[PDB]
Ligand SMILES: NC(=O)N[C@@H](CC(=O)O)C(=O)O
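Here's a solo chain for you in structure tokens, the form deposited without the named molecule.
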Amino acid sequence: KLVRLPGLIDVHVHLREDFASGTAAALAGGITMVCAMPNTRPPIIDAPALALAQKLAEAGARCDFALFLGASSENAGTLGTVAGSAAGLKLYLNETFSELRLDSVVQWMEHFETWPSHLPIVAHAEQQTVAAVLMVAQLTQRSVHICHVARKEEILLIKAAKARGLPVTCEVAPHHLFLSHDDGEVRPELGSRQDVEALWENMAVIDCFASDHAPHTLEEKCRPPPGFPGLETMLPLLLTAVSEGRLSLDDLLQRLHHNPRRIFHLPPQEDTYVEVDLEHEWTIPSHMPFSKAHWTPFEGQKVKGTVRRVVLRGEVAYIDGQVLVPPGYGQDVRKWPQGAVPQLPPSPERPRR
């Protein structure tokens, strides 16, 4: 007997893997909407790059999407006209490509001050950098979302900030819940067993799950790029945990549906749902069927939970190992009227002619 879930949302996906293959992997993982990161080549750090990327996504995407803009050392104060068309703004505050490297905390402040106040900001921030960006958010009187929290240190800092009523949310990736040192390159590095246990213990503090799908081939992992492929394995791993009583189905759906929607102001998808079989036990293979990454760090893990069918806006998009919607079926949700972020009137009545 199948369980019907709403269309799940992954707010942290890297596609350079193209839009068509990445979104195929998404659908096979029971994900119907993705937010794609700006650290492409070239990176999405200005209006022309965003415009091109949006059209490429519209033509190649099989599920729905929004595209992030990336903060650079040169673009603060220049993105205001296109900001509302993006998922949000992403700051890369630790190791990154020179194009996205910020030289100084004053540059972080400039972004927080110039980016429209009603639109999302995500920060890749590890260890003390979480504390640093939280300070910038407070100084500029706005919210921030922290991605791939991986350490006890980080989740406890975020917990302390929430206890003081600060507007911070966060996400955790499956490899930081289901892999550790014992078990391999990724940023944030895999944590210790104590880090993993801390993340589970503090599940109440975690607002979202997101894959941080980063589809490098082994030839490229083995000057190592950070990241693991994860779109096809995320939901099966989490369903296994649900079936073991580690979290509830509702806990899962808050973190892969409701909280992504409300933090990023992502719209509902009409006639969209995912059917899963909670009974089927299987072993994760050396590589999953869809991602061009062609490897997975979860190889060998036993899981219970499989995506059987995905319906997206009234069409069968995925069934039992086959994706049935073509490249281009997917749409930019920021272009839907219900996908615009609500805003106070910034900041004709009497036509002359």
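Whichever C-alpha set is largest while still superposing within 1.5 Å between the two forms counts as the rigid core. Only residues modelled in both forms are compared. Throughout, we count residues from 1 along the sequence that is shown.
FYI, the form deposited with the named molecule bound isn't displayed, but the following is about it.
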_At 4.5 Å by heavy atoms, is each residue in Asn39, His124 and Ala214 next to the named molecule in the bound PDB entry?_
yes
*Quick one: is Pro116 in contact with the named molecule in the bound PDB entry, heavy atoms, 4.5 Å cut-off?*
no
*Would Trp282 show up as a contact with the named molecule in the bound PDB entry if we use heavy atoms at 4.5 Å?*
no
*asked:* With the partner left out here, check for me: in the bound PDB entry, does some heavy atom of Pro174 sit within 4.5 Å of the named molecule?
replied: no
*Using 4.5 Å between non-hydrogen atoms, is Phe97 touching the named molecule in the bound PDB entry?*
yes
*Which pick from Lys152, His265, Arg101, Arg187 sits with a heavy atom within 4.5 Å of the named molecule in the bound PDB entry?*
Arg187
_Contact residue in the bound PDB entry, from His111, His148, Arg255, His145 (heavy atom within 4.5 Å of the named molecule)_ = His148
*Heavy atoms, 4.5 Å, the named molecule in the bound PDB entry: which of 88 to 96, 237 to 245, 265 to 273, 162 to 170 makes the cut? Say which one.*
88 to 96
*the named molecule in the bound PDB entry - contacting residues of 8 to 47, heavy atom within 4.5 Å*: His12, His14, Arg16, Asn39
*asked:* In sequence order, what stretches of at least three consecutive residues shift by 2 Å or more at the Cα level between the shown form and the other one, with the rigid core held as reference?
replied: 96 to 98
